[PDB]
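Protein chains in written order, with UniProt numbering: chain A, 10 to 413; chain B, 10 to 413; chain C, 10 to 413; chain D, 10 to 413. Backbone N, C-alpha and C define an ideal beta-carbon position, used for all residues, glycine too. A short write-up of the structure that comes next.
Number of protein chains: 4
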Amino acid sequence: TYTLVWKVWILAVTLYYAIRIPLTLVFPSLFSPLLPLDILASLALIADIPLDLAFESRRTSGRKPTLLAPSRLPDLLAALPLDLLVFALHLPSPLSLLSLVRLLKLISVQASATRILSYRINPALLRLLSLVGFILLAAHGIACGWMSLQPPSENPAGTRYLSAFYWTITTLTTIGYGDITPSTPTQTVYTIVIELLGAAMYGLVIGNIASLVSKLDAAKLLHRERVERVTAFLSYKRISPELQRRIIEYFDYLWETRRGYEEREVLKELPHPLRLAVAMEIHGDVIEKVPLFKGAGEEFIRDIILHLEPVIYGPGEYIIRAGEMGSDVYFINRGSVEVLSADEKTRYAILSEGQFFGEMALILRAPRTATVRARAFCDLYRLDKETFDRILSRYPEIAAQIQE
Amino acid sequence: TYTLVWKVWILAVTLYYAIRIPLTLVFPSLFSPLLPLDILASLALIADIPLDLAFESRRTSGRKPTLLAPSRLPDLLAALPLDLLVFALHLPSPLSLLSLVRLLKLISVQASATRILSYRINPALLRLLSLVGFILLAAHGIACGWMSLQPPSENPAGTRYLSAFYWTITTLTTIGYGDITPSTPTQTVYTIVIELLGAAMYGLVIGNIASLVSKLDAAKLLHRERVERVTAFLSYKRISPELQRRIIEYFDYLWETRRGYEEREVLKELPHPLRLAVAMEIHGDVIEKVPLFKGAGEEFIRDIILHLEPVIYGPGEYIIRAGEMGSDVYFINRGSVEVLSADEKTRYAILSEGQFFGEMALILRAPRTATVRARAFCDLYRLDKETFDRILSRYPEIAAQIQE
Amino acid sequence: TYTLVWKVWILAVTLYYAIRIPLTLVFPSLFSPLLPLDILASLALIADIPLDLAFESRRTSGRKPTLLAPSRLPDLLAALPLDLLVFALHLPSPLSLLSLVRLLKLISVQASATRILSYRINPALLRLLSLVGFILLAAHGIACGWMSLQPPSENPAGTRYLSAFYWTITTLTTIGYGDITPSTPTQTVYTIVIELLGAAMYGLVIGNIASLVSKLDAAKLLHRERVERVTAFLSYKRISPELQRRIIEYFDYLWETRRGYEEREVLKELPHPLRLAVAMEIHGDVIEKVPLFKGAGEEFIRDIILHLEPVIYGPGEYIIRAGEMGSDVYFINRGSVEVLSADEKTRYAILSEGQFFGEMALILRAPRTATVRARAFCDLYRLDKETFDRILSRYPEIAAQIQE
Amino acid sequence: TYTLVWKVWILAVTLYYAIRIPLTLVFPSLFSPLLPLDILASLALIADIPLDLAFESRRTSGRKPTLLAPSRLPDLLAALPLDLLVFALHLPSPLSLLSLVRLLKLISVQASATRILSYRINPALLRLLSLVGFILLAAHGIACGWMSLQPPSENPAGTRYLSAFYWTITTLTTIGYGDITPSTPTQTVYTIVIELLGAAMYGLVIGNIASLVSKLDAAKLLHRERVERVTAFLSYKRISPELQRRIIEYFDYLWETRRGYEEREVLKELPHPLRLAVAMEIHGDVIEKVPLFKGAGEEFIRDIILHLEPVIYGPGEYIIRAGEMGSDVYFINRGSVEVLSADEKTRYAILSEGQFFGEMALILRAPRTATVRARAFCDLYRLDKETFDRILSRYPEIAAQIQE
Ligand SMILES: Nc1ncnc2c1ncn2[C@@H]1O[C@@H]2COP(=O)(O)O[C@H]2[C@H]1O
Ligand SMILES: Nc1ncnc2c1ncn2[C@@H]1O[C@@H]2COP(=O)(O)O[C@H]2[C@H]1O
Ligand SMILES: Nc1ncnc2c1ncn2[C@@H]1O[C@@H]2COP(=O)(O)O[C@H]2[C@H]1O
Ligand SMILES: Nc1ncnc2c1ncn2[C@@H]1O[C@@H]2COP(=O)(O)O[C@H]2[C@H]1O
């Protein structure tokens, strides 16, 4: 995309400006050798004036009140080539400090980088990364200020920049070795305000990290606290340790399969067409694999499909017993069950991976002809008899059909 | 408002007192030149005694137990002109330390500033701002204490105040360069307690910042974790990547339109009259634009209106197909649909921006005469047939009407 | 209570031990003058062995497995008078370091102080207070260790204790001036481990403060984010600014009255008898103030009472209009309404503070005889006609009564 | 388990490598004496190449794309014996820095330790422990780097290692005494990057601690905020202080018994078979202790069992009064009730620990023959008459039975 590469170029240009403008403010001799870049950057600095208005016009233009509002005002203020003229005129420090207006583009750059990276990047991590980048740029600018308040000396420019950056990293990280310290009162005022800013931004870093790690394992923490709540309630209820262990291993299966998410709660997040499609292709060819739903309209299939209730049967659990009066049918999704007798010694069948059981109770109220026992965790779907008749009432033709 | 400007004046007076009272405690020669201000401030310091009781009387007076309770007791304690008399008498330091009772008005000032700014300002940000202001005032007071425990010298007052403020900012920000350090045991005790206080208040700043940034993007984080939960569940269910992409782009549309908020959940927050008005002017002239709801009572219109179910149909999704038995009507809110044949090759019509489809199924149970396909995201509202008859039962006159 | 004062005495004794045992470990000459206290404390140190087992026996004794388990094991280990014998024998430092076993009672003291103060004190604030007290005791112990690793000198004991406490407060608060620093390798190892411990406990303080302030305004933050969600949804729905302002002021009223809590959600937290009593005395003599519910059984009154639905009508809102078919009755709780004509020019009546309207629709289906308009926020309760007949079905005698 | 002990051995080997590789990088003379260990470790470093692929094959093998993907790539990169060859060749520092590739196994070790300890250990605490271990290893490596940038001297290796570790603990904990400080520009660059890393990881520690303590008392905080919400709502409703105290003590009982968890909300977390088993053995032999449910099928017992509604009756509360028409039966779970007359002076009976009352209303609509008053908190279960007939409709045989 041309918009993405243009935004990357604008970000690189603004990073170059943030690095250079204080650096050339304290080193005016650096202004001339990098003059061919600046004008190009300055061209970009005005080339982004319409293009941004163009790039927001393609994405739901609506209203674009430029030259006003909290948005696009710092962009236009930084867009004007103040830096070139002030560095050409070689104005004194109180007036040449206005060259930092060029750095006001950084807030718009951060907003644009948020907009182009709010999808594949966590907003907490994106905010932390933007804060860290702004902190590095601010550390460079603060080191440049420390240059500008250092006494003049014949120290090499690299060595004194290293010392200034070392001081501002000691200050900003709240470490403060104190080997290099303020000497003049103006340096002391500057160190006070830089200390306040560094404490503020280090608290910002710590808070952003705390926010990032507070929901780093939100699903696992939610599932574990649900398990703890259930276990505490059962221990209060004097539940036998065998059933507690069965519930614990069920929750372990739930966590290891679907991250402990309840299927019903996840499905209500979807709208009706998306829920319909999800539940149709969850039971894709599975629901129309049974005979009673054959030769039926796809509308009646979907009326079954939205009314299927998921239910997890742990290993060794009776789904339906023989002689039970029975009021439901079950469609195995990914588990496995065994159909046995009422005595559960002779295994009639083994059903897994999309087959079903209990359809006799769907067309008569006679008790179950056989017992169904869960071999392992089943993840099968239960359709109630009463819901089946409730949806059968408004399809009369298949209501007449299912007598056969 | 007179109350707001009076509270601003009281806040300014208390800030002046917080700046000056320790400053004139360590500089008694400052007491005389600022005497005309103090009495005026002292007048304000008693002028706020009834007016606050007046200003809380206008806002649900109820009970106003002054001269007692945790509220209004520090206000009255700071209201008395202790500072003027103690600075006039020039009492020694252990007894003149009681002039800080004037600064006890700061808690009431913070409470009042909270009350007048709990609407347009986030409570976390308001608490952080109050904490930062109190930290600056405490830093000034601690620097004044550092003056009061420094050995006497002919150093200029400004320079030594700068040194003291520099020390207390090193201490409070937990930086601690150590260039200036305790020398006397009393200074060491003072530095210990100031270090504990500064660590406490810096932890307060970091905690407030962490709280502020933990819910800085609460809507985006909630929507993203909902999307992650749905995507993880679908990937467990072996959902095809085409449907996963469709659900992802649906959630992107939901986030970019209504911040990922489910319409039903938002509407249950409103009470019945406000929900009625919201759903009436959401479908403003839209619901009475259809023929079957014409010449009807506005009560029956509102009975439709509260029972409309929102539903989002993604682009290329079938709302209703031709030959489907059909049990609902749809009112397009802001999307666009196309009415096509059962073969979906001949386009019958294009419907968008407030028009509707599917009204035949509202007065007969015959199948749909045409297929409706979503051009883009629809945001339309679905009214069920069964709900329509449920509300039609108790309006017999329009029940007789709608046969035509 | 004897238990509370005994626990306070035990806490004071353990604080005395935590202050003294390292202090007398580095100052053996302090052991003899405070000998009469120690034995008394030692007596308390064994007097708490049965009494705690007694004090937990009064509060649901159940099982009390002493001399084992993570509970009551540190209590018994600290209970034995190791300190007295080791300070009597004057054993060398590696063996006399075992006198700190007496300080193991601090975890049991913290647990007991939690149990006796988990009701009127926030658990986050209680945890933070316990952490701060333990940090102060640990700072004293660490300063004593710093004494024990300082080179011997004729410095006064108070001055060197002040220096040691100053060092451990610099270390624990992560300030670190560096004016006093390790000199010997053993001091350097000690400073490394103390730095790790101080960073750990300062992170603990910051985390506890962050937890405390994350839910310091949980109700206000929840209400404000609900308001923001509703407002964002309505702005997406192009809701008119008049209705948005009405909803905003409704939410302001809700926050200023019931802290933004929905009445239904609060009532479901209560069990059936408590909900019954709450809703009975909310409408105390209010529900039996109307004529149709006179001479009725209190059981039928309570069947009305649990089925009353609260609803807030904002000022200037129509509750019921004249000519509306009407299916409910309303009991004003604390608001005020005006009964006017269909034209709403002639005011029939003003109803407030426990009276009612709309009872004709409770015994006939004829339309409303007059319009009811909300003067201000009403907080009235709505009883539906269908619910009224649903509960009237199983009281036949008053079903026969209400025809009159 | 062989897998667990092999993972422990791998963790120990990688900890040995993390301790030694920088230590022998700055002390080449240490490479030869520990050569027999390294090769053994190197053997383990390749012995984990198939075994991990084996150990993930036993646990739902599925796909194992080794030699690629973000997983198993650092494991294989660290698996190759780069360290042995580079320390044998004695290559210079820029090329011998590649021996740290062996330390890339630490991320896989952390992941494996997470997987083997995500069950009995809190994920927040596990993350914090892994972070602290990685911080200690990084502190050792950073101290080794500080050695490598220190000027050469005849200082003892232990003493200078102690000084380097002291410096990196001052830096990483953001304490920064400044007694030992950078001297050379390369040391200053190293200190800058180490300061940034130490601030980052100390913010990580503080954030992890904040996350750990934000949900350290999640149940207690949730219950307390629910109690505060209910109390604030009732105080708004002018609820009498007697009923407020009764609700407060009910919530205290709820917290002290089931941690304030609502029974219904906990039960919906369970699936249908687990909920069936839980509610069956909660009423184990309790539900079939009553006469009307005798000689009945176990299916009808379970149909009762899933439809039992828990309800807490506080002490002195009327469950059912004599003369009340009555529409439910109650099964006492662990509380105690007294059956008295309508005048409640003559005590008919005392029922507790699994017995029941109110069964007459289960087979007739005549009013209650006696009043039932709660002696203490009851925790009994309520079965409605309407639900009883609703489940009785589809068992005709016991529907005929219960007339007797
Ligand atoms: N021999 C069999 N082969 C396959 N399925 C069977 C067999 N016997 C029983 N079943 C299934 O097991 C179910 C048990 O309950 P139903 O008798 O309701 O319906 C039964 C059939 O779905
Ligand atoms: N020619 C048309 N012009 C406008 N709307 C149409 C036309 N044909 C069909 N429709 C609408 O498309 C709907 C499809 O479902 P129904 O047949 O229930 O009701 C149909 C009408 O609402
Ligand atoms: N004159 C009146 N005095 C008191 N209440 C009235 C009067 N006229 C009407 N109302 C009440 O206002 C209500 C409006 O709706 P209804 O007619 O259903 O029932 C009406 C009465 O409860
Ligand atoms: N004498 C008694 N012994 C035991 N239980 C009784 C006695 N009298 C009443 N009850 C129980 O108390 C209940 C009160 O309500 P019911 O009359 O519906 O049903 C009653 C019986 O369950």
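{"query": "Cα-Cα separation, D:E278 to B:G71", "result": "46 Å"}
{"query": "Test: A:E271 CB closer than 9 Å to a CB of chain D", "result": "yes"}
{"query": "Any non-hydrogen atom of ligand 1 within 8 Å of A:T380 CB", "result": "yes"}
{"query": "Proximity test, Cβ basis, 9 Å: C:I215 and chain A", "result": "yes"}
{"query": "Contact the region 224-231 of chain A vs the region 150-167 of chain A: 3+ CB pairs below 8 Å", "result": "no"}
{"query": "Presumed contact (8 Å Cβ cut-off) between A:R382 and A:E353, rounded CB distance", "result": "6 Å"}
{"query": "Whole beta strand (DSSP E) elements within the region 296-322 of chain A, 3-residue minimum", "result": "318-320"}
{"query": "In DSSP terms, what D:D261 is bridged to", "result": "The partner list for D:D261 (beta bridge, DSSP) is empty, contrary to what the question assumes."}
{"query": "Euclidean distance between Cα positions of C:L392 and A:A370", "result": "42 Å"}
{"query": "Option nearest B:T23 by Cα separation, candidates B:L146, B:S157 and B:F386", "result": "B:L146"}
{"query": "Per-residue contacts from D:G344 into chain A (C-beta, under 9 Å)", "result": "Per Cβ cutoff of 9 Å: no residues; D:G344 is ~13 Å from chain A at best."}
{"query": "Closer than 8 Å: D:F340 CB and nearest ligand 4 heavy atom", "result": "no"}
{"query": "is_contact[D:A209, chain A] using C-beta, thresh 9 Å", "result": "yes"}
{"query": "Per-residue burial, B:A78 [other beta carbons within 10 Å of its own, 16 or more giving buried]", "result": "exposed"}
{"query": "Local conformation of D:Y404 per DSSP, three classes", "result": "coil"}
{"query": "Same chain, Cβ closer than 8 Å to D:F302, five either side skipped, listed in chain order", "result": "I296, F309, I310 and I313"}
{"query": "Short-range partners of chain D found in the region 180-205 of chain A, where Cβ spacing is below 7 Å", "result": "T182, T183, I184, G185, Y186, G187 and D188"}
{"query": "Beta-carbon contacts of B:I28 that lie in its chain and below 8 Å, excluding the five residues immediately before and after", "result": "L146 and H149"}
{"query": "Below-9 Å beta-carbon distance, C:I372 vs any chain B residue", "result": "no"}
{"query": "Closest residue to residue 5 of chain C among C:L34, C:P59, C:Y259 and C:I19 (Cα-Cα distance)", "result": "Only positions 10 to 413 of chain C appear in this structure, which leaves residue 5 of chain C out of reach."}
{"query": "Sequence ranges, beta strand (DSSP E) only - wholly within the region 128-152 of chain A, length at least 3", "result": "none"}
{"query": "Test: A:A133 CB closer than 9 Å to a CB of chain C", "result": "no"}
{"query": "Proximity test, Cβ basis, 9 Å: C:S361 and chain D", "result": "no"}
{"query": "Any non-hydrogen atom of ligand 3 within 8 Å of C:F397 CB", "result": "no"}
{"query": "Bounding residues of the alpha helix (DSSP H) (the contiguous stretch that carries B:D393)", "result": "Not the alpha helix (DSSP H): B:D393 falls in the beta strand (DSSP E), residues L389 to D393."}
{"query": "Straight-line Cα distance separating B:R124 from B:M156", "result": "36 Å"}
{"query": "CB contact below 9 Å: A:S157 versus chain B", "result": "no"}
{"query": "A:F302 beta carbon near ligand 1 (any heavy atom closer than 8 Å)", "result": "no"}
{"query": "Stretch pair the region 196-206 of chain B + the region 188-198 of chain A: three plus CB contacts closer than 8 Å", "result": "no"}
{"query": "Contacts of B:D226 in chain A (Cβ-Cβ under 8 Å)", "result": "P132, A133 and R136"}
{"query": "Under 9 Å by beta carbon: chain B residues contacting D:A408", "result": "Those within 9 Å of D:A408 in chain B number zero; the least Cβ separation is about 30 Å."}
{"query": "Under 9 Å from the C-beta of B:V320: neighbouring residues of chain A", "result": "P280, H281 and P282"}
{"query": "Within chain C, partners of A:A219 - CB distance below 7 Å", "result": "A219"}
{"query": "Whole-Å CB distance - B:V320 paired with B:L389, under 8 Å assumed", "result": "6 Å"}
{"query": "Neighbour list for B:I28 in chain A, Cβ cutoff strictly below 9 Å", "result": "In chain order: nothing, as chain A lies at least about 16 Å away."}
{"query": "Neighbourhood of D:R356 by C-beta distance below 8 Å, restricted to the same chain and skipping five residues each side", "result": "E347, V348 and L349"}
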